file data_18.cif (mmCIF, C-alpha atoms)
data_final
loop_
_atom_site.group_PDB
_atom_site.id
_atom_site.type_symbol
_atom_site.label_atom_id
_atom_site.label_comp_id
_atom_site.auth_asym_id
_atom_site.auth_seq_id
_atom_site.Cartn_x
_atom_site.Cartn_y
_atom_site.Cartn_z
ATOM 1 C CA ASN R 1 -5.620 25.167 15.683
ATOM 2 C CA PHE R 2 -3.657 22.578 13.712
ATOM 3 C CA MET R 3 -5.014 19.320 12.320
ATOM 4 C CA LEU R 4 -5.053 17.215 9.134
ATOM 5 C CA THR R 5 -7.998 15.973 7.080
ATOM 6 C CA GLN R 6 -7.828 12.797 4.997
ATOM 7 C CA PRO R 7 -10.310 10.265 3.515
ATOM 8 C CA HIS R 8 -12.394 8.083 5.832
ATOM 9 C CA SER R 9 -11.891 4.966 3.717
ATOM 10 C CA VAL R 10 -10.689 4.002 0.238
ATOM 11 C CA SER R 11 -10.022 0.913 -1.878
ATOM 12 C CA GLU R 12 -7.957 0.058 -4.947
ATOM 13 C CA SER R 13 -7.533 -2.905 -7.291
ATOM 14 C CA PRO R 14 -4.126 -4.574 -7.883
ATOM 15 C CA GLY R 15 -1.839 -3.269 -10.630
ATOM 16 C CA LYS R 16 -3.172 0.254 -10.125
ATOM 17 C CA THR R 17 -1.564 2.991 -8.029
ATOM 18 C CA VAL R 18 -2.481 4.289 -4.575
ATOM 19 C CA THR R 19 -2.964 7.990 -3.865
ATOM 20 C CA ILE R 20 -3.117 9.349 -0.319
ATOM 21 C CA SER R 21 -4.208 12.981 0.029
ATOM 22 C CA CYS R 22 -3.853 14.691 3.426
ATOM 23 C CA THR R 23 -5.305 18.224 3.772
ATOM 24 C CA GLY R 24 -3.999 20.633 6.415
ATOM 25 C CA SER R 25 -6.443 22.776 8.384
ATOM 26 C CA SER R 26 -4.408 25.811 9.441
ATOM 27 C CA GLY R 27 -1.539 26.900 7.192
ATOM 28 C CA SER R 28 0.433 25.770 4.153
ATOM 29 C CA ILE R 29 1.407 22.121 4.522
ATOM 30 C CA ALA R 30 4.695 23.051 2.856
ATOM 31 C CA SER R 31 5.792 25.243 5.756
ATOM 32 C CA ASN R 32 6.344 22.031 7.719
ATOM 33 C CA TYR R 33 7.672 18.544 7.014
ATOM 34 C CA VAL R 34 5.203 15.693 6.498
ATOM 35 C CA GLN R 35 5.752 12.036 7.390
ATOM 36 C CA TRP R 36 3.819 8.884 6.476
ATOM 37 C CA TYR R 37 2.950 5.761 8.466
ATOM 38 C CA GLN R 38 1.207 2.439 7.819
ATOM 39 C CA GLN R 39 -0.656 0.213 10.275
ATOM 40 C CA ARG R 40 -1.026 -3.436 9.277
ATOM 41 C CA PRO R 41 -3.637 -5.602 11.075
ATOM 42 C CA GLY R 42 -2.209 -7.112 14.257
ATOM 43 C CA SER R 43 1.032 -5.319 13.372
ATOM 44 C CA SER R 44 2.460 -2.007 14.585
ATOM 45 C CA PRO R 45 2.911 1.295 12.670
ATOM 46 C CA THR R 46 5.769 1.688 10.181
ATOM 47 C CA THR R 47 7.167 4.814 8.536
ATOM 48 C CA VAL R 48 6.755 4.701 4.762
ATOM 49 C CA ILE R 49 8.360 8.059 3.954
ATOM 50 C CA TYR R 50 10.089 10.887 5.812
ATOM 51 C CA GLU R 51 10.207 14.670 5.461
ATOM 52 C CA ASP R 52 8.182 14.003 2.313
ATOM 53 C CA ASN R 53 11.619 14.326 0.687
ATOM 54 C CA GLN R 54 12.724 10.692 0.638
ATOM 55 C CA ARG R 55 12.729 7.365 2.481
ATOM 56 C CA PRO R 56 15.363 5.423 4.498
ATOM 57 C CA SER R 57 17.784 3.441 2.339
ATOM 58 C CA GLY R 58 16.689 -0.184 1.982
ATOM 59 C CA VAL R 59 12.951 0.432 2.358
ATOM 60 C CA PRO R 60 10.935 -0.367 -0.813
ATOM 61 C CA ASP R 61 10.597 2.575 -3.213
ATOM 62 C CA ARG R 62 6.964 1.968 -4.151
ATOM 63 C CA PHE R 63 5.894 5.065 -2.194
ATOM 64 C CA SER R 64 6.356 8.757 -2.963
ATOM 65 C CA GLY R 65 5.325 11.722 -0.800
ATOM 66 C CA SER R 66 4.544 15.139 -2.295
ATOM 67 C CA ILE R 67 3.542 18.486 -0.762
ATOM 68 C CA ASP R 68 1.358 21.119 -2.442
ATOM 69 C CA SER R 69 1.743 24.577 -0.909
ATOM 70 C CA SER R 70 -0.645 25.946 -3.524
ATOM 71 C CA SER R 71 -3.400 23.424 -2.831
ATOM 72 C CA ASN R 72 -2.425 23.504 0.836
ATOM 73 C CA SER R 73 -2.543 19.701 0.907
ATOM 74 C CA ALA R 74 -0.231 16.688 0.650
ATOM 75 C CA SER R 75 -0.405 13.883 -1.911
ATOM 76 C CA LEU R 76 1.545 10.618 -1.964
ATOM 77 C CA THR R 77 2.008 8.619 -5.164
ATOM 78 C CA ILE R 78 2.478 4.855 -4.795
ATOM 79 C CA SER R 79 3.404 2.370 -7.537
ATOM 80 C CA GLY R 80 2.984 -1.384 -7.914
ATOM 81 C CA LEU R 81 0.185 -1.820 -5.369
ATOM 82 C CA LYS R 82 -0.559 -5.202 -3.778
ATOM 83 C CA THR R 83 -2.491 -6.786 -0.910
ATOM 84 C CA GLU R 84 0.675 -6.187 1.049
ATOM 85 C CA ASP R 85 -0.845 -2.703 1.097
ATOM 86 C CA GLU R 86 -4.221 -3.687 2.555
ATOM 87 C CA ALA R 87 -3.906 -1.721 5.794
ATOM 88 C CA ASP R 88 -4.490 1.584 7.583
ATOM 89 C CA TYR R 89 -2.407 4.615 6.616
ATOM 90 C CA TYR R 90 -1.401 7.501 8.876
ATOM 91 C CA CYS R 91 -0.193 11.067 8.204
ATOM 92 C CA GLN R 92 1.823 13.346 10.517
ATOM 93 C CA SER R 93 2.895 17.000 10.423
ATOM 94 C CA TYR R 94 4.849 19.564 12.453
ATOM 95 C CA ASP R 95 3.605 22.905 13.772
ATOM 96 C CA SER R 96 5.485 26.192 14.077
ATOM 97 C CA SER R 97 6.293 25.174 17.642
ATOM 98 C CA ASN R 98 7.993 22.153 16.088
ATOM 99 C CA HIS R 99 5.380 19.821 17.591
ATOM 100 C CA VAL R 100 4.492 16.502 15.964
ATOM 101 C CA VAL R 101 0.897 16.202 14.740
ATOM 102 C CA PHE R 102 -1.328 13.337 13.575
ATOM 103 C CA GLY R 103 -4.177 12.970 11.077
ATOM 104 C CA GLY R 104 -7.483 11.104 11.026
ATOM 105 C CA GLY R 105 -5.840 8.328 9.008
ATOM 106 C CA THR R 106 -7.091 6.312 6.033
ATOM 107 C CA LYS R 107 -8.216 2.704 5.544
ATOM 108 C CA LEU R 108 -6.798 1.206 2.353
ATOM 109 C CA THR R 109 -8.702 -1.911 1.293
ATOM 110 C CA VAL R 110 -7.332 -4.088 -1.512
ATOM 111 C CA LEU R 111 -9.444 -6.693 -3.323
#

call {"tool": "encode", "arguments": {"input": "data_18.cif", "output": "structure tokens"}}
result
Amino acid sequence: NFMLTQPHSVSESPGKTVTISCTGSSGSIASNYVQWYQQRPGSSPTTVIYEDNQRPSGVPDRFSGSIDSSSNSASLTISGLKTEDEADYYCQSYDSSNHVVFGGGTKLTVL
């Protein structure tokens, strides 16, 4: 079996940071690359980070993905949060068979 576990819903006030933790149910989340996605209302999904190692040049650098082999979970650190964040987040991972995987997702609500 291979799946990810994240928060059902979370909120954060402006000025503060946003933390997205995605737990892997199977093996170390560091044995595979992890990607991040965001789903804005009425809009389509967009990749925020890639291979948890960096992000495409030109995309804002207010996001940061991190992988914890020890804790067997992933944790992204975001800076300068704003309503432009109010949206649904998505996590993805790869299995040994090099197969893309998806997580439950997370609803970020900004007030």

call {"tool": "residues_around", "arguments": {"input": "data_18.cif", "residues": "residue 93 of chain R", "least_positions_apart": "5", "cutoff": "7 Å", "atoms": "only C-alpha atoms", "output": "PyMOL selection string"}}
result
chain R and resi 32-35+100-102

call {"tool": "resolve_selection", "arguments": {"input": "data_18.cif", "expression": "the PyMOL selection byres ((chain R and resi 9-19) around 6)", "output": "MDAnalysis selection string"}}
result
chainID R and resid 7:8 20 76:82 106:111

call {"tool": "closest_residue", "arguments": {"input": "data_18.cif", "among": "R:71, R:23, R:28, R:64", "to": "residue 104 of chain R", "atoms": "all atoms listed in the file"}}
result
R:23

call {"tool": "residues_around", "arguments": {"input": "data_18.cif", "residues": "residue 43 of chain R", "least_positions_apart": "3", "cutoff": "12 Å", "atoms": "all atoms listed in the file", "output": "ChimeraX atom specification"}}
result
/R:38-40,46,87-88

call {"tool": "residues_around", "arguments": {"input": "data_18.cif", "residues": "residue 36 of chain R", "least_positions_apart": "3", "cutoff": "6 Å", "atoms": "all atoms listed in the file", "output": "ChimeraX atom specification"}}
result
/R:47-49,90-91

call {"tool": "closest_residue", "arguments": {"input": "data_18.cif", "among": "R:74, R:4, R:94, R:84", "to": "residue 62 of chain R", "atoms": "only C-alpha atoms"}}
result
R:84

call {"tool": "residues_around", "arguments": {"input": "data_18.cif", "residues": "residue 67 of chain R", "least_positions_apart": "4", "cutoff": "7 Å", "atoms": "all atoms listed in the file", "output": "ChimeraX atom specification"}}
result
/R:29-30,73-75

call {"tool": "closest_residue", "arguments": {"input": "data_18.cif", "among": "R:83, R:44, R:69, R:26", "to": "residue 95 of chain R", "atoms": "all atoms listed in the file"}}
result
R:26

call {"tool": "atom_distance", "arguments": {"input": "data_18.cif", "atom1": "atom CA of residue 31 of chain R", "atom2": "atom CA of residue 85 of chain R"}}
result
29.1 Å

call {"tool": "closest_residue", "arguments": {"input": "data_18.cif", "among": "R:5, R:27, R:105, R:21", "to": "residue 66 of chain R", "atoms": "all atoms listed in the file"}}
result
R:21

call {"tool": "atom_distance", "arguments": {"input": "data_18.cif", "atom1": "atom CA of residue 96 of chain R", "atom2": "atom CA of residue 54 of chain R"}}
result
21.8 Å

call {"tool": "closest_residue", "arguments": {"input": "data_18.cif", "among": "R:6, R:86, R:37, R:72", "to": "residue 55 of chain R", "atoms": "only C-alpha atoms"}}
result
R:37

call {"tool": "axis_aligned_box", "arguments": {"input": "data_18.cif", "around": "segment 54-71 of chain R", "padding_each_side": "5 Å", "output": "AutoDock Vina command-line options"}}
result
--center_x 7.2 --center_y 12.8 --center_z 0.2 --size_x 31.2 --size_y 36.3 --size_z 18.6
